[PDB]
Structure formats: structure tokens, C-alpha cells
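Below is one structure, written out as C-alpha cells, with a few remarks after it.
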Amino acid sequence: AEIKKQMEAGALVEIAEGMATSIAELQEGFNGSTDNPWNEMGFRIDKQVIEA
Amino acid sequence: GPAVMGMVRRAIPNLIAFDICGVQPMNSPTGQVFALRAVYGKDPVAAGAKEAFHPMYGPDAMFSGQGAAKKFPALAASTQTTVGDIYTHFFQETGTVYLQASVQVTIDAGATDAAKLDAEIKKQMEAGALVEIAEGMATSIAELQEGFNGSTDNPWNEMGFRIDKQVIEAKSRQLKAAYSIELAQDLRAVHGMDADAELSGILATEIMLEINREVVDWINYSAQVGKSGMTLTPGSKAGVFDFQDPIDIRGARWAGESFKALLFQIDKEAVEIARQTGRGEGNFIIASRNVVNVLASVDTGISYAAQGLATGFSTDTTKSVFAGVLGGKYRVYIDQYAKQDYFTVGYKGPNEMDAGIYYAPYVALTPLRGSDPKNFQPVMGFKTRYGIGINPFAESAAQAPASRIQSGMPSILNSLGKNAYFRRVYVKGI
Amino acid sequence: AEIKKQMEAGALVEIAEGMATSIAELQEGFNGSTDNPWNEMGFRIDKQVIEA
């Protein structure tokens with residue numbers, strides 16, 4: 001609730017932004033760089049049963 | 001196979017694409033846009049330079065006229081006017097105004113900020129103390145302009161223009177799956193999944209969703225707040241439209257007549273946008289699903305009163321996000337992820353460079369594939385790069401930028417709450 | 001009335017279901033009359049008369 005109040009106030013504003021090429025270009029320790037991995041996605045699979 | 005009951009998964013939400021913004025396909029990174037600003041005062045690029053044209057400011061009605069010969073006293077806090085003289089003031093909005101004094105009175109000696117001074121001047125104008133005025137220059141003066149017949153200090157006012165520009169740069173985004181062989185094999189044996197293709201889908205999807213979501217957020221981020229200033233009802237709550245408060249509905253009760261109040265405010269906000277951009281009445285709205293439910297259930301045409309089911313515009317966010325066209329005038333999209341309840345309106349022209357907000361793709365969804373020999377597990381992923389930007393003049397408050405060059409990319413300083421093309425409305429009470 | 005209040009309150013919820021597969025395992029091998037009796041139903045009758 002308090003965060004939303006600050007949002008209404010315009011104090012806090014929704015944002016998103018991309019990565020610089022200067023970073024992305026050498027991501028995952030490329031060219032001697034380090035500590036800069038990619039983010040990754042996968043999935044999980046599960047199951048459920050029903051007594052008849 | 002102990003009676004497998006099929007399987008489920010989530011559906012993928014749709015997008016508003018770039019229907020309400022510039023698209024600027026690029027064939028290179030880092031493009032540029034420039035602009036011409038008609039300017040006067042003998043130095044197109046200068047502090048205090050004045051633009052010849054601007055949606056929010058009146059013209060200097062006496063520039064080619066009497067002001068060529070003489071300066072006018074400015075209005076200022078605490079000064080006293082002289083009946084019959086003419087005073088000048090540049091307002092924070094409505095711009096250059098010349099006011100003849102009908103009376104000998106003072107103006108708010110206690111005023112501080114220009115906003116307070118402007119307010120008192122406006123009151124004096126309403127009061128009939130100060131009246132808008134303009135006139136040409138006495139011809140006997142004009143006669144000797146450029147030093148004729150021994151005269152001096154009589155140049156004609158001059159005009160010109162200043163061309164400047166802004167540039168953009170593309171930022172990027174990439175994701176990988178980093179999955180395993182054994183899982184994929186089991187999935188082939190459970191549902192017949194490829195388990196690489198499904199992942200490819202997910203990653204590409206997420207990227208596209210993020211980008212589109214980012215555009216919407218940038219719209220919200222740069223949009224000005226409505227029900228304010230020139231669109232404000234003075235007894236209102238400043239930026240928010242209620243249904244539980246008669247001030248916003250002109251005393252309405254009876255939804256068939258009450259709900260129309262919002263439509264009225266929407267037009268006001270759309271019109272003000274034209275006032276801000278100089279291009280045209282807003283032609284598109286994006287709003288919370290609750291807002292749309294109201295819009296779709298009210299007769300938006302002009303009639304005595306009318307209410308029914310929400311059938312006027314698609315309301316789902318499961319087939320589309322595009323609800324339809326409001327009154328046959330505005331393109332209605334649903335903010336399927338609205339944080340509270342509200343609605344942004346704005347205007348986008350037929351000219352791709354006329355949008356306020358621009359998307360400019362250069363690289364998109366490039367697939368990548370390989371495997372790590374240490375365990376030979378597959379690696380797959382996708383990359384995109386584009387960049388976005390804003391309209392020169394989107395701020396509109398300033399007639400011109402510093403140093404004749406600026407980033408065309410959004411930033412707090414460049415556009416938070418400033419963009420002439422869009423206005424925000426908070427909604428409560430549905 | 002009080003039960004309804006509790007139902008509206010969500011304290012009491014109307015529900016019904018089948019018996020069990022832990023039961024069906026035996027019922028199937030009965031497979032009719034047994035020592036784990038079934039509920040049974042039929043019909044009665046009625047009639048009325050009139051006078052001229």
C-alpha cells in the first residue's frame with residue numbers, strides 16, 4: 001500500500017530498460033571479463049491424481 | 001500409462017504491438033532525427049531565444065508591430081499599473097501576453113513563484129483590470145527604420161530558425177534455456193515434447209512480452225498527468241476520477257447518466273493533448289480492464305442516458321488486448337497488467353515520426369544454439385537489440401534543448417511526466 | 001436460519017461425494033448382494049376417490 005501511495009505521488013515510476021552492448025557483447029566471461037552470466041529460463045513439470 | 005489425463009499449461013497473453021507508437025524499422029544502429037525551430041530575436045541559438053510557433057504559447061502580437069519601437073514595462077509582483085499603459089508578461093502557459101491597464105492597481109506583492117504571479121495576473125484579467133492588446137507601429141517611426149534621415153537605433157525585428165538534433169542508441173536483451181538431455185528425453189516419452197522448441201517458444205515469447213510491456217511503461221512514465229491545469233475541475237481531487245464523488249460526475253446518480261462523465265473527461269484530456277502537441281486530438285486509449293468494462297457497458301454515443309451489459313468492446317485479455325474503437329474515434333487497448341486502475345490517452349499520427357514515443361528495431365530474436373562438451377548438454381537462446389526514443393519537442397515546455405544536441409532516448413530529465421502526446425488519469429470508485 | 005448464516009459465512013459448505021475405491025475393490029467382486037449393503041429404492045403408490 002505504501003509503495004502504491006508513492007507511485008500515485010509520482011515518487012516511484014514504473015521502469016524497464018535493456019542492456020548496453022558494452023555489457024552484452026562480453027557476457028559470460030568473454031574476452032577476459034568475469035562475473036557476468038546470462039539470465040535463463042526453463043520449466044518444471046508435475047502431476048496429480050484422482051481417486052475414482 | 002495409468003490413465004493419463006492429458007496435460008495443462010498457461011496460455012500466452014497477447015500484445016498491443018506498436019499500434020500506438022512509432023516503429024522506425026532500422027537498417028543500422030544508432031539512428032538520428034533532426035528538427036527545425038522557427039526562432040526570432042536575431043540569434044537563433046541563444047538563451048532567451050523565442051520560437052515563432054508553439055502549441056502552448058501565444059505569439060508575440062507586437063513583435064513586428066509597436067514592440068519594434070519600444071519596450072513595454074513588465075508586470076511583476078508588487079508593482080502598480082498606470083491606467084492606459086501596456087504591460088508585458090510571459091506566462092508559464094499561454095505565453096506572451098500584452099495587457100493594457102484599465103486601472104492603477106498593484107499585483108500580489110506577496111507573490112513569489114511565477115506561478116503565483118501568473119495567478120494574480122489571470123485574476124486581474126478576469127476582473128477587467130488587465131486586457132489583452134496589440135497594435136502595429138506608428139508609421140512615422142517605421143518611416144526611418146535602418147537609420148534614415150539621421151535617425152539611430154531603429155533596426156527592424158528579425159527572424160530565422162535553428163536546426164538541431166537528437167540521437168538514439170540500441171540496447172539489447174538476451175536469454176538462454178540451459179536445459180538437459182535427460183529431461184528432454186523424458187518429455188518425449190511423456191507428452192511427445194521436443195523440449196527445445198517449447199523452450200525456444202518460451203524465451204522468444206518472454207523477450208517479446210518484455211519489450212511490449214516496456215513500451216507501455218514508457219508511455220506511462222513519460223505521460224503528463226491529466227485532470228490538472230487546463231483540464232482541472234477546481235473542486236476535484238487532482239489527477240484522479242471518481243464515481244463516489246459528485247464533483248467528477250456533475251452530481252450524477254443513476255449509472256445510465258453517471259458513467260458518461262468519464263467519457264467527457266476523456267475528450268477533455270484528448271483535446272488538451274492536441275493543445276500540447278499541435279498535431280491532433282488524441283486517437284488512442286489504453287486502460288485497465290475495469291475501465292473498459294465500464295466503457296463497454298455505457299452508450300458512448302450522444303443520448304439521454306443508457307446502460308447495459310459490457311458488450312460494446314471486446315473486454316477480454318485472452319484473445320486480444322485491443323478492445324475496439326471508442327465512439328469510432330479512439331483505439332481502445334487494455335492494460336492487462338495495470339497496477340491499480342486508470343487509463344492513459346494519447347495521439348499518434350499517420351507519419352511514423354509523429355508519435356511522441358518511438359520504437360526502432362534493428363536486431364530481433366536471433367536464435368543461438370550449441371552444447372557444452374564438458375557434459376554435452378545443449379545450450380540454446382535468443383538475442384534482440386532495438387532502442388527507443390522520444391519526440392523532439394515532446395516536453396513542449398522548453399522552446400529548445402541545451403547545446404543543439406541531445407540524446408533522443410528517454411530519461412528522467414528528458415521526459416518523466418513531460419510528454420505532450422500522452423496524459424494519465426487515475427481511476428477509482430468503479 | 002442459523003445453518004444458513006454459517007453457510008453464508010463459509011463455515012459450513014454443502015458437499016457430497018461417492019464412497020471409495022477402497023470399497024469398490026471389494027464391491028466389484030461381490031458383485032451384487034453382499035455384507036457391505038447398498039442403499040436401495042423404489043416407489044409406493046397413492047389414490048383418491050370422489051363422489052357425484
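Return P(r) of chain B (all Cα-Cα pairs; 20 Å bins starting at 0; whole %; ordered from short to long distances).
P(r) over chain B, rounded to whole percents: 20, 42, 28, 8, 2, 0.
With 16 Å as the cut-off, how large is the P(r) tail for segment B:33-88, expressed as percent of Cα-Cα pairs?
Percentage above 16 Å: 59.
With every atom except the alpha carbons ignored, what do you get for Rg and Dmax of segment B:116-219, in angstroms?
My reading of the Cα-based Rg and Dmax gives 35.4, 103 Å.
Suppose each label sits 7 Å from its Cα in the direction of the beta carbon; what would the B:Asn27-C:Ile45 distance come out to in nanometres?
9.7 nm
First check a/c for segment B:276-430, with a ≥ b ≥ c the square roots of the eigenvalues of its C-alpha gyration tensor; if it is under 1.5, answer rounded, and if not, answer prolate when a/b is larger than b/c or oblate otherwise.
Note, shape of segment B:276-430 comes out oblate.
Before rounding to the nearest 500, sum -39500 (n - 2.57) across all DSSP H runs of length at least 4 in the protein assembly as shown and divide by the residue total; then give [θ] at 222 nm in deg cm²/dmol.
Per the formula, -6000 deg cm²/dmol.
Provide the gained length on full extension for the span B:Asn375 to B:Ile430, in nm with one decimal, where the gain is 0.36 nm per separating residue minus the Cα-Cα distance.
Length gained, B:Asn375 through B:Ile430: 14.1 nm.
What is the fewest-to-most order of B:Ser415, B:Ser236, B:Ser140 by other Cβ atoms lying within 10 Å of their Cβ?
Ordered by Cβ neighbours within 10 Å, fewest first: B:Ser140, B:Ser236, B:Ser415.
Give me C:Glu14, B:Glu146, B:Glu198 sorted ascending by neighbouring Cβ count inside 10 Å, so fewest comes first.
Ascending number of Cβ neighbours within 10 Å: C:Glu14, B:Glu146, B:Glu198.
Given the Cα atoms of segment B:334-412, and with Rh set as the inverse mean 1/r over their pairs in the Kirkwood sense, what is Rg to Rh to two decimals?
Looking at segment B:334-412, the ratio lands at 1.18.
How big is the charge dipole of the protein assembly as shown about its Cα centre, in debye rounded to the nearest 20, if each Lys and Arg gets +1 on its Cβ and each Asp and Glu gets -1 on its Cβ?
900 debye
By how many degrees, 0 to 90 and rounded to 10, does the Cα axis of helix B:197-222 deviate from the longest principal axis of chain B?
Taking Cα atoms only, the helix is inclined about 20 degrees.
What percent does the relative contact order of chain B come to when contacts are Cα pairs within less than 8 Å and at least six residues apart?
22 percent
Expressed in nm², what is the orientationally averaged projection area of the convex hull enclosing the Cα positions of segment B:197-268?
Answer in nm², one decimal: 7.4.
How many times 2.2 N^0.38 Å is the alpha carbon radius of gyration of segment B:257-346?
1.05
For a quick size check, give me the Cα extents of segment B:91-168 along its three principal axes, largest first, whole Å.
Per principal axis, max minus min of the Cα coordinates gives 52, 47, 19 Å.
Go ahead and set up a Gaussian network model of chain B, Cα springs under 10 Å, then flag whichever of B:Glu206, B:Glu143, B:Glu281 fluctuates most.
Largest GNM mean-square fluctuation: B:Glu143.
Within a 10 angstrom radius of the beta carbon, how do B:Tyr98, B:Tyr358, B:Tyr337 rank from fewest other beta carbons to most?
B:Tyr337, B:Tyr98, B:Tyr358
Using only Cα atoms, what is the ratio of the radius of gyration of segment B:165-293 to 2.2 N^0.38 Å?
So segment B:165-293 has a normalised radius of gyration of 1.70.
Can you compute the equivalent ellipsoid semi-axes for chain A, i.e. the square root of 5 times each eigenvalue of the Cα gyration tensor, sorted largest first and rounded to whole Å?
Here the semi-axes work out to 35, 31, 8 Å.
Using a Gaussian network model on chain B with a 10 Å cutoff between Cα atoms, which of B:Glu272, B:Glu169, B:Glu395 fluctuates the most?
Comparing B:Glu272, B:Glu169, B:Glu395 in a Gaussian network model of chain B, the most mobile one is B:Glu169.
Each reported figure results from applying straightforward, stated rules to the coordinates on display, with no laboratory input. A quick note on method: Cβ atoms are made from the backbone with ideal geometry, for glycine too, and the neighbour counts reach across all protein chains shown.
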